[PDB]
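Following: one structure in structure tokens, then a few remarks.
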Amino acid sequence: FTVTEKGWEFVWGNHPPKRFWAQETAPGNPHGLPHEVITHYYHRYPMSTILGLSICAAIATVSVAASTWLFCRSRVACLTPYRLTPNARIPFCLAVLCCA
Amino acid sequence: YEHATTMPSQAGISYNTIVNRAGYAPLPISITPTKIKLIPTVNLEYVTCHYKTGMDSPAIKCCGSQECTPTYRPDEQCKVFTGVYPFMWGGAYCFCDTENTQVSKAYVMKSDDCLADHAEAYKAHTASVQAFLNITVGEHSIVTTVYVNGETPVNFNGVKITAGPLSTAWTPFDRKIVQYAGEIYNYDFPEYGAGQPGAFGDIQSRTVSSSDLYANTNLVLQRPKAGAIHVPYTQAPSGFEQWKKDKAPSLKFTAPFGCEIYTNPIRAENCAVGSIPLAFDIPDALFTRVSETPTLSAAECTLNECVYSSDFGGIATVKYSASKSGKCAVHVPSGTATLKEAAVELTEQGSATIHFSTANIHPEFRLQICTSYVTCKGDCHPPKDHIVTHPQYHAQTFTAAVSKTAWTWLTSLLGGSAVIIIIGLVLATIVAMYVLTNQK
Ligand SMILES: *[C@@H]1O[C@H](CO)[C@@H](O)[C@H](O)[C@H]1NC(C)=O
């Protein structure tokens, strides 16, 4: 049977009822490696780690993709004025930031 | 002075609170509900027990005919069977081979054991609440059976306590209940005069000693066997005994919130639902001025041991240099920890130990003492026992169980991505400004 923090009681035959309450003793270690942390906070608080971890990963991926997109756009906008010069002289930008 | 507090209605768990005044020493109030009762008002609809089919001795008329007397007894039926030839131990009863009649008559009564083995069908409504509180205010301790209706005060030593009303109107008993053998069942019994054969309430009496009886058992008379003196009959089997065969577990086994169902009177005890609002009117006599009470100075809190277990799994040691000996209403205004002791003895100089229960892996709270507000921090560890036999004394906060490592990881994932976005935005703005200024 599953016993939660709310409680759980059973009566076995003519014995008096016995009540039990759970405690937070999940497998894993929160003060450890990421896999142990995920195991501890998934055995505890389920559907609060799967949702939270997925949201965090999605936000991180969106942030990384957006940062890459702005960096590429900035590189294009800083190089094309110098890039499409017929003789293609680009000393200054490469010297100040090494974009290429 | 007036106070309005609210405490959980969990029996057997003490609840501590502190009262603070602008120019008076803080005072501790401890309330311990030993037993919380819920007593609905019940009306005895009727009483049902095993029935007994009583048959009058057959009226045998030799060489003649009889008539059916009018029906007056419960479920009573009378029938005249013609062409009978009864026999007795002496011999043939009638001398006519035919045209003899036998009147058979049957009815239903309560069993002889209805005074003891009977089930009472009640209608339950209008639940009331009663709390047996140990109340300790101003080092004054009493026990009271306070009614949790909002209207009624309880008075002691000039203090007025107005408990109630209960937060939740939920009750385990439904509208129609059945009492049998000291157990309560939620049964939708038929109304009086509406019982059905072979089911509960097939015979109904208003009271265990009542002179009335409604019977409905499909009693029908059969033809007597040839050469026999008896009254055959056919009935649906007793509805009471069938109900006992298919009772289902009582309310003491199927009630929510851990309620314990009792009888005489019909009560539900120790239901872990709702909250009791308490209204306190405390006279100023118990209050003591700040000068009278000891004043704390140079106090430091150390968590020499902490496990976030259900019970008081933490000890805090506070080093104090007080002005004088006395009593301190030690309390944590925050919900991080729950204190076993609502008051602590205080000396001129030394260390005081306080037992507290917390659900936080990394606790940090503001322990309030006579006047000081010490900041106590530390680390707690998971307990040994997977399962215990007592409810949790503390309370669980949303961020209670998040460790420092988890916090750092979350900040790196959420807080480092924002840094990368800011860096990209700054780079884009710089590039745009540079190219725009270099056009002209
Ligand atoms: C409450 O008061 C009763 C009556 O003195 C006592 O028996 C009981 O132990 C008290 N409960 C607690 C928790 O002290």
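Simple scheme: letters A, B, ... for chains in structure tokens order, numbers from 1 for residues in each chain, numbers from 1 for ligands in the order shown.
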
* Environment of ligand 1 within 9 Å, counting only C-alpha atoms and all ligand atoms, reported as JSON, numbers by chain -> {"B": [12, 13, 14, 32, 33, 34, 132, 133, 134, 135, 141, 142, 143]}

* Could the residues of chain A within 7 Å of chain B, counting only C-alpha atoms, be given as number ranges by chain, please? => A: 19-25, 30-31, 56, 60, 63, 67, 70-71, 74, 78

* Mind pulling up the distance from atom CA of residue B:28 to atom CA of residue B:311? ->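 Separation of atom CA of residue B:311 and atom CA of residue B:28: 21.1 Å.
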
* **Exercise: residue B:284 partners within 9 Å, only C-alpha atoms, chain neighbours under 3 positions left out, as a PyMOL selection string** => chain B and resi 1+287-288

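The two atoms in question, atom CA of residue B:75 and atom CA of residue B:217, are spaced 7.5 Å apart.
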
* Residue nearest residue A:75 among A:97, A:26, A:57, A:62 (counting only C-alpha atoms) ->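 The closest residue to residue A:75 is A:97.
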
I need the residues in stretch 169-302 of chain B that are helix (DSSP H, G or I) according to DSSP; give them as a PDB file with N, CA, C and O atoms, in the first residue's frame.
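Below is the file that was written, selection-v9.pdb:
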```
ATOM      1  N   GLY B 239     -35.473  -9.302   5.162  1.00  0.00           N
ATOM      2  CA  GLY B 239     -34.629  -8.245   4.638  1.00  0.00           C
ATOM      3  C   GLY B 239     -33.540  -7.825   5.599  1.00  0.00           C
ATOM      4  O   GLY B 239     -32.468  -7.392   5.170  1.00  0.00           O
ATOM      5  N   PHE B 240     -33.793  -7.943   6.903  1.00  0.00           N
ATOM      6  CA  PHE B 240     -32.780  -7.604   7.895  1.00  0.00           C
ATOM      7  C   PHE B 240     -31.587  -8.548   7.809  1.00  0.00           C
ATOM      8  O   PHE B 240     -30.431  -8.113   7.833  1.00  0.00           O
ATOM      9  N   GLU B 241     -31.851  -9.851   7.702  1.00  0.00           N
ATOM     10  CA  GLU B 241     -30.762 -10.820   7.650  1.00  0.00           C
ATOM     11  C   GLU B 241     -29.994 -10.705   6.339  1.00  0.00           C
ATOM     12  O   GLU B 241     -28.763 -10.836   6.318  1.00  0.00           O
ATOM     13  N   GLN B 242     -30.699 -10.449   5.235  1.00  0.00           N
ATOM     14  CA  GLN B 242     -30.025 -10.200   3.965  1.00  0.00           C
ATOM     15  C   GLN B 242     -29.169  -8.944   4.029  1.00  0.00           C
ATOM     16  O   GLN B 242     -28.052  -8.920   3.501  1.00  0.00           O
ATOM     17  N   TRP B 243     -29.674  -7.886   4.666  1.00  0.00           N
ATOM     18  CA  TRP B 243     -28.880  -6.673   4.827  1.00  0.00           C
ATOM     19  C   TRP B 243     -27.629  -6.948   5.645  1.00  0.00           C
ATOM     20  O   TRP B 243     -26.546  -6.450   5.325  1.00  0.00           O
ATOM     21  N   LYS B 244     -27.763  -7.742   6.708  1.00  0.00           N
ATOM     22  CA  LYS B 244     -26.598  -8.126   7.495  1.00  0.00           C
ATOM     23  C   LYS B 244     -25.615  -8.953   6.678  1.00  0.00           C
ATOM     24  O   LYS B 244     -24.406  -8.896   6.922  1.00  0.00           O
ATOM     25  N   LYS B 245     -26.107  -9.727   5.708  1.00  0.00           N
ATOM     26  CA  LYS B 245     -25.195 -10.459   4.834  1.00  0.00           C
ATOM     27  C   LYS B 245     -24.423  -9.532   3.903  1.00  0.00           C
ATOM     28  O   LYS B 245     -23.326  -9.883   3.458  1.00  0.00           O
ATOM     29  N   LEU B 251     -19.006   2.960   9.000  1.00  0.00           N
ATOM     30  CA  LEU B 251     -18.382   4.261   8.793  1.00  0.00           C
ATOM     31  C   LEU B 251     -17.034   4.358   9.492  1.00  0.00           C
ATOM     32  O   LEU B 251     -16.153   5.089   9.030  1.00  0.00           O
ATOM     33  N   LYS B 252     -16.847   3.630  10.594  1.00  0.00           N
ATOM     34  CA  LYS B 252     -15.564   3.657  11.287  1.00  0.00           C
ATOM     35  C   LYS B 252     -14.436   3.115  10.425  1.00  0.00           C
ATOM     36  O   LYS B 252     -13.265   3.354  10.733  1.00  0.00           O
ATOM     37  N   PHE B 253     -14.763   2.389   9.355  1.00  0.00           N
ATOM     38  CA  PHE B 253     -13.770   1.853   8.440  1.00  0.00           C
ATOM     39  C   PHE B 253     -13.721   2.571   7.101  1.00  0.00           C
ATOM     40  O   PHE B 253     -12.734   2.419   6.378  1.00  0.00           O
ATOM     41  N   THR B 254     -14.754   3.338   6.749  1.00  0.00           N
ATOM     42  CA  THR B 254     -14.832   3.998   5.450  1.00  0.00           C
ATOM     43  C   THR B 254     -15.021   5.505   5.572  1.00  0.00           C
ATOM     44  O   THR B 254     -15.521   6.137   4.638  1.00  0.00           O
ATOM     45  N   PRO B 256     -13.832   9.437   5.629  1.00  0.00           N
ATOM     46  CA  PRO B 256     -12.689  10.250   5.208  1.00  0.00           C
ATOM     47  C   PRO B 256     -12.113  11.036   6.378  1.00  0.00           C
ATOM     48  O   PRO B 256     -12.706  11.140   7.451  1.00  0.00           O
ATOM     49  N   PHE B 257     -10.920  11.584   6.147  1.00  0.00           N
ATOM     50  CA  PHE B 257     -10.227  12.453   7.096  1.00  0.00           C
ATOM     51  C   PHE B 257      -9.908  11.755   8.413  1.00  0.00           C
ATOM     52  O   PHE B 257      -9.656  12.417   9.422  1.00  0.00           O
ATOM     53  N   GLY B 258      -9.906  10.426   8.428  1.00  0.00           N
ATOM     54  CA  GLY B 258      -9.541   9.707   9.630  1.00  0.00           C
ATOM     55  C   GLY B 258     -10.527   9.822  10.767  1.00  0.00           C
ATOM     56  O   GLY B 258     -10.146   9.632  11.923  1.00  0.00           O
TER      57      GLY B 258
END
```

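For the set B:299, B:367, B:42, B:31, the residue with the smallest atom-to-atom gap to residue B:346 is B:299, counting only C-alpha atoms.
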
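Taking atom CA of residue B:87 as the reference point, atom CA of residue B:106 is found at 21.1 Å.
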
* Name the residues in contact with residue B:224 at a cut-off of 9 Å, using only C-alpha atoms, excluding same-chain residues fewer than 3 positions from it; report them as a count of residues only. => 11
